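Engineer: Have a look at this one.
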Amino acid sequence: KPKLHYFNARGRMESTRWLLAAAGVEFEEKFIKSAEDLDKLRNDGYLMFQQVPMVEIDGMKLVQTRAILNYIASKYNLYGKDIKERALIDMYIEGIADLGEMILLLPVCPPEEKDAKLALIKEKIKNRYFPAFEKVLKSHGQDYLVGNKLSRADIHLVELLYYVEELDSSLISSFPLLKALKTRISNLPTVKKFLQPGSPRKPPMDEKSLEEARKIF
Amino acid sequence: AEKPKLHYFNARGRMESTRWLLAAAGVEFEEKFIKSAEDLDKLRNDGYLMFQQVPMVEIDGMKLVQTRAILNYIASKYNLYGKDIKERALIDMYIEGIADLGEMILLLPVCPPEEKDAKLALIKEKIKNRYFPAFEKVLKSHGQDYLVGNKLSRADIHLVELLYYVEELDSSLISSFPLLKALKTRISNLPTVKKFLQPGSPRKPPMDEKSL
Ligand SMILES: CCCCCCNC(=S)SC[C@H](NC(=O)CC[C@@H](N)C(=O)O)C(=O)NCC(=O)O
Ligand SMILES: CCCCCCNC(=S)SC[C@H](NC(=O)CC[C@@H](N)C(=O)O)C(=O)NCC(=O)O
């Protein structure tokens, strides 16, 4: 079974946890706790660019978030049925990854920049990204973003809705089809299990967890 | 058959890697240059930009935005994305490293002047000690002409394009990496890439003060 190499936090590994869980794939995590443990991976040759996330799957030592996700999504048939469907999915999820990146990097922003950056994130959520995805759902009326079938785009989008809810639960309120997608995907057996207590799902990053990160990089 | 339409500004920016990839595939394409904020605004209000951003590429009945969506579709269509899922994972791992390094270089000009020379010094160190050894290691590992599967792939194209940008920043950074030197020569000599490198191609110059 796949072995996830990261530290005990959401970070750049959480979207992989979500996708594996949603595909009903059991995995182990081998958590890094120290710079000592990170250097073990580097000197043992496990990290091509000396960086985690790293996933052991099917014989490979995959680094780079998007290489991991792209491989898992094709393997478990959540990458669409042809390259035109993969292009819609890719366009959707990279928009998601652009917004996700902004939110992921808020706590490490310079303190004097944090007010502006948070404000900017909310403006783009409301005016750019949520209308973009509401218009997709409104355009075909179906229960899934692409191909009328569950795909990584639904998983990645619903994951981001949970992080937006944590930032401001009002932001999704004007977007009914996103609301309904969030509940429908949340109530899929594998996702509902992942959302319940005691799963590998990781909490928000507090301060102590934040520092113990900088102390490893 | 309609040939693909590239919507960007008349600059390298986030569109150049696609120019390289389409050209190396030997695919003819048109460019519609955005020259003002009104040109950008026209693409927004016409509904052509999913996230109100360019790059945008019209190809095969779609208006694809996001650099990585565009590149993935083009690389798959022209058989430059490996033969199976495992080869894509190697390719994806490689090109995302190139994307990481290409991003720092791309954002040198629009860094704070107090922090310019801190950033450039770190780009150079990561080149010498992180990225260039990883790819030299890949080429040494199998001793073949291409990074993956003994067949030209998007990895070779993206890597060699970056090799050109690294040379522009510091020609000495490559000198201790013979297999990267050789790949750069071999790839540049492919007929489609040699054309693209010759004058009058869609290849774009380094950005100056004027393009800012
Ligand atoms: C200051 C506090 C935190 C440090 C940086 C914020 N990122 C993290 S905490 S994630 C760990 C990080 N990995 C990546 O940046 C992934 C690359 C990316 N292309 C991908 O998608 O995989 C890492 O190993 N860095 C160590 C190092 O670079 O020497
Ligand atoms: C930036 C400092 C350095 C500037 C050099 C680069 N040039 C630009 S400005 S490229 C134009 C830009 N395009 C994107 O950001 C695309 C999204 C990206 N995730 C992709 O990969 O596609 C754009 O339209 N933003 C308008 C806007 O955000 O309102």
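Positions of Cβ are backbone-derived with ideal geometry, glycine not excepted, and every protein chain shown enters the neighbour counts. Read-outs: derived from the displayed coordinates by stated rules, not from any lab.
Engineer: Share of antiparallel DSSP beta bridges in the protein assembly as shown, in percent to the nearest 5? Kindly include the intermediate steps, with their values, before the conclusion.
Structural biologist: Values: 14 of 21 bridges.
Just about 65 percent of them are antiparallel.
Engineer: Here's a follow-up. In what order do B:138, B:57 fall by count of nearby beta-carbon atoms within 10 Å, going from fewest to most? Provide the component values of the computation, followed by the final result.
Structural biologist: On the way: B:138 21, B:57 27.
The order, fewest Cβ neighbours first, is B:138, B:57.
Engineer: Would you mind putting A:83-93, B:32-42 in packing order, based on average other-beta-carbon counts within 10 Å, highest first? Before the final figure, lay out the partial values.
Structural biologist: On the way: A:83-93: 22.2, B:32-42: 12.1.
In descending order of packing, they fall as A:83-93, B:32-42.
Engineer: Once phi is turned into ³J(HN,Hα) by the Karplus curve 6.51 cos²θ - 1.76 cosθ + 1.60 with θ = phi - 60°, what whole-Hz value does each residue of the stretch B:196-206 show in order, with x for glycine and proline?
Structural biologist: Running phi through 6.51 cos²θ - 1.76 cosθ + 1.60 with θ = phi - 60° gives 4, 6, 6, x, x, 7, x, 4, 10, x, x Hz.
Engineer: Can you give the calculated 222 nm mean residue ellipticity of chain A, where each DSSP H run of n ≥ 4 adds -39,500 (n - 2.57) and the sum is split over every residue, rounded to the nearest 500 deg cm²/dmol?
Structural biologist: Numbers: 10 runs with 116 residues, N = 217.
It comes out at -16500 deg cm²/dmol, rounded to the nearest 500.
Engineer: Moving to a separate point now. So how long is each side of the protein assembly as shown along the principal axes, counting just the alpha-carbon atoms, biggest first, in Å?
Structural biologist: Rounded to whole Å, the extents work out to 57, 54, 47 Å.
Engineer: While we're on this one: Specify the residue with the greatest mean-square fluctuation among B:117, B:46, B:156, computed from a Gaussian network of chain B linking alpha-carbon atoms under 10 Å apart.
Structural biologist: B:46
Engineer: Can I ask one more? Taking the Cα centre of each part, how many Å lie between the stretch A:79-95 and the stretch A:139-217?
Structural biologist: Rounded to whole Å, the Cα centres lie 19 Å apart.
Engineer: Charges only on Cβ, +1 for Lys and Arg, -1 for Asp and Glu: so what's the dipole of chain B about the Cα centre, in debye to the nearest 20?
Structural biologist: On the way: 33 positive and 30 negative charges, 124 e Å.
Value, rounded to 20: 600 debye.
Engineer: Return A:152, B:44 ranked ascending by Cβ neighbour count within 10 Å, so the fewest neighbours appear first.
Structural biologist: Details: A:152 29, B:44 12.
In increasing order of surrounding Cβ atoms, one gets B:44, A:152.
Engineer: Moving on. Can you return the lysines within cross-link range of residue B:35? Criterion is Cα-Cα under 25 Å, with same-chain partners fewer than 8 residues away left out.
Structural biologist: The reachable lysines, counting only those whose Cα sits under 25 Å from residue B:35, are A:124, B:3, B:5, B:63, B:204, B:210.
Engineer: Please list, short to long, the whole-number percent of alpha-carbon pairs of chain A in consecutive 10 angstrom bins beginning at zero.
Structural biologist: Final binned percentages: 7, 32, 37, 20, 4, 0.
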